[PDB]
2 protein chains.
Amino acid sequence: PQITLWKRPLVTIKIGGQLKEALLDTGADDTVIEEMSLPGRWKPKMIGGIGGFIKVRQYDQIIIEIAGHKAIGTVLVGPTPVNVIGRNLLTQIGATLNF
Amino acid sequence: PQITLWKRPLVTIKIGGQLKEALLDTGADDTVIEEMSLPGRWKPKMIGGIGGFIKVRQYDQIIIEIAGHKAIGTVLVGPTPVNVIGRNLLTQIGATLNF
Ligand SMILES: CC(C)(C)NC(=O)[C@@H]1C[C@@H]2CCCC[C@@H]2CN1C[C@@H](O)[C@H](Cc1ccccc1)NC(=O)[C@H](CC(N)=O)NC(=O)c1ccc2ccccc2n1
Ligand SMILES: [Cl-]
Ligand SMILES: [Cl-]
Ligand SMILES: [Cl-]
Ligand code: NA
Ligand code: NA
């Protein structure tokens, strides 16, 4: 699709058999999702956003569908008011910004 | 242009007479620029994201040239580590996400 930006670019994602809404975010290096169980071990990570840094749980090689496109990659889990799909997975679904 | 997302989507902007680099950020509602003076009236605002909130100055009707394309709108000025071009101005240059 071609998504305009008059509204937030929110799409459905599927992770763990569950549907969630998430933001397609060209400004995010990483993908950050609300607290949720994921399989396997996690590693520590600090990420910085507009208000400061937070600690998150880094899970690698997680299967996630994004707007019907399959990705398998790193998902950070931590406190965020919005689930964010960052460039690590936007590249896997072939997303570009155009004007 | 078509901008791939392997790297941060940084472009040159001109604002307040000044050339700067900024991030094309589909996950930002607002345009947030590093501390600088702008002409006219402003009012305080709090904006948030991961990590919490910051206090900003809101200037309305500010012109910014973004990768050669003029846009006008509200620009927030405050303690951001990165200049962010958010949706309020990305719409004005006709930017879309495509996959
Ligand atoms: C996700 C993460 C990997 C941590 N990356 C980032 O956060 C980088 C950090 C960079 C340096 C600091 C300044 C911002 C830039 C760009 N951001 C990406 C950037 O796209 C970031 C992603 C985001 C969206 C929504 C909610 C939280 C987080 N957007 C934002 O921070 C913008 C700022 C704004 N305009 O007010 N926030 C929002 O647009 C926004 C939307 C809904 C909300 C609901 C409740 C609470 C807060 C909400 N904030
Ligand atoms: Cl990844
Ligand atoms: Cl505006
Ligand atoms: Cl349009
Ligand atoms: Na894993
Ligand atoms: Na003004």
Side-chain angles (χ1 to χ4, degrees), chain A residues 1-11 21-35 45-56 65-71 73 76-99, chain B residues 1-11 13 21-34 45-56 65-71 73 76-99:
Chain A
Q2 178 166 272
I3 302 171
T4 58
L5 297 165
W6 305 99
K7 300 179 174 124
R8 292 178 183 145
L10 291 166
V11 302
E21 292 296 306
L23 191 64
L24 300 184
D25 189 0
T26 61
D29 294 343
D30 305 313
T31 292
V32 191
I33 314 278
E34 298 148 23
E35 168 63 31
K45 205 187 163 78
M46 286 188 63
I47 59 176
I50 195 158
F53 287 76
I54 62 160
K55 298 184 149 174
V56 299
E65 188 94 349
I66 301 155
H69 294 251
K70 183 115 88 185
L76 310 180
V77 177
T80 172
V82 175
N83 300 314
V84 175
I85 311 303
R87 296 185 296 97
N88 72 306
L89 304 182
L90 296 173
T91 54
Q92 291 200 21
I93 70 170
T96 58
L97 184 70
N98 293 260
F99 59 93
Chain B
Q2 174 171 99
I3 302 181
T4 64
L5 296 172
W6 300 115
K7 308 296 201 186
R8 292 177 181 159
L10 295 170
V11 301
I13 67 162
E21 293 339 322
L23 184 67
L24 302 179
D25 189 351
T26 60
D29 292 343
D30 305 317
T31 291
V32 192
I33 303 298
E34 307 181 23
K45 190 180 187 77
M46 293 198 169
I47 60 176
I50 265 162
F53 288 76
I54 63 171
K55 190 175 190 199
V56 298
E65 199 187 312
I66 305 162
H69 295 67
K70 116 95 120 124
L76 308 182
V77 179
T80 178
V82 174
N83 297 314
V84 171
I85 306 307
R87 293 187 299 99
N88 72 306
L89 298 180
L90 294 172
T91 58
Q92 299 299 283
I93 73 173
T96 59
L97 284 160
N98 293 260
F99 57 102

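When reading the values below, keep in mind they use all heavy atoms of this one structure, side chains included, and skip hydrogens, waters and symmetry mates. A note on names: the letters A, B, ... follow the listed sequences, proteins ahead of strands, and every chain is numbered from 1.
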Student: Please collect all salt bridge (charged side-chain N to carboxylate O under 4.0 Å, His left out) contacts where either partner lies in residues 80-93 of chain B, sequence neighbours excluded, each pair once.
Tutor: B:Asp29-B:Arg87

Student: Counting only non-hydrogen atoms closer than 4.5 Å, does A:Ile93 touch chain B with its backbone (N, CA, C, O), its side chain (CB onward), both, or neither?
Tutor: both

Student: Only pairs of heavy atoms separated by less than 4.5 Å count here; which of B:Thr26, B:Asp25, B:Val84, B:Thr4 has the most with chain A?
Tutor: B:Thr26

Student: Could I get the full list of side-chain contact (heavy atoms from CB on, under 4.5 Å) partners for B:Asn83, not counting sequence neighbours?
Tutor: B:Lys20, B:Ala22, B:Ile33, B:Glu34

Student: Which pair of non-hydrogen atoms, one from B:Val11 and one from B:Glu21, has the smallest distance, and what is that distance?
Tutor: O-OE1, 3.1 Å

Student: Using heavy-atom distances under 4.5 Å, tell me whether A:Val32 contacts chain B through its side chain, its backbone, both, or neither.
Tutor: side chain

Student: Hey, which of B:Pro1, B:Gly94, B:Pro9, B:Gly78 has the most heavy atom pairs under 4.5 Å with chain A?
Tutor: B:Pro1

Student: Return the minimal non-hydrogen interatomic distance between A:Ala95 and B:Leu5, and the atom names on each side.
Tutor: O-CD1, 3.4 Å

Student: Of all the heavy-atom pairs spanning B:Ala71 and B:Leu89, show the shortest one and how long it is.
Tutor: CB-CD2, 4.1 Å

Student: Quick check for you: among A:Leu10, A:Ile47, A:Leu24, A:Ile50, which has the greatest number of heavy-atom pairs under 4.5 Å with chain B?
Tutor: A:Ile50

Student: At a 4.5 Å cut-off on heavy atoms, which part of A:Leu23 comes close to chain B: side chain, backbone, both, or neither?
Tutor: side chain

Student: Please look at A:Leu97 and chain B and tell me whether the side chain, the backbone, both or neither of the residue comes under 4.5 angstrom of a heavy atom of that chain.
Tutor: both

Student: Ignoring hydrogens and geometry, is there a side-chain-to-backbone donor-acceptor pair from A:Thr31 to A:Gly86 under 3.5 Å?
Tutor: yes

Student: Examine whether an atom of B:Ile54 lies under 4.5 Å from a heavy atom of chain A, and if so say whether it belongs to the side chain, the backbone or both; otherwise answer neither.
Tutor: side chain

Student: Side chain from CB out, backbone as N, CA, C, O: work out which of these in B:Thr91 comes under 4.5 Å of a heavy atom of chain A, or both, or neither.
Tutor: both

Student: Please examine the side chains of A:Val82 and A:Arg8, heavy atoms only from C-beta on, and report whether any two atoms are closer than 4.5 Å.
Tutor: no

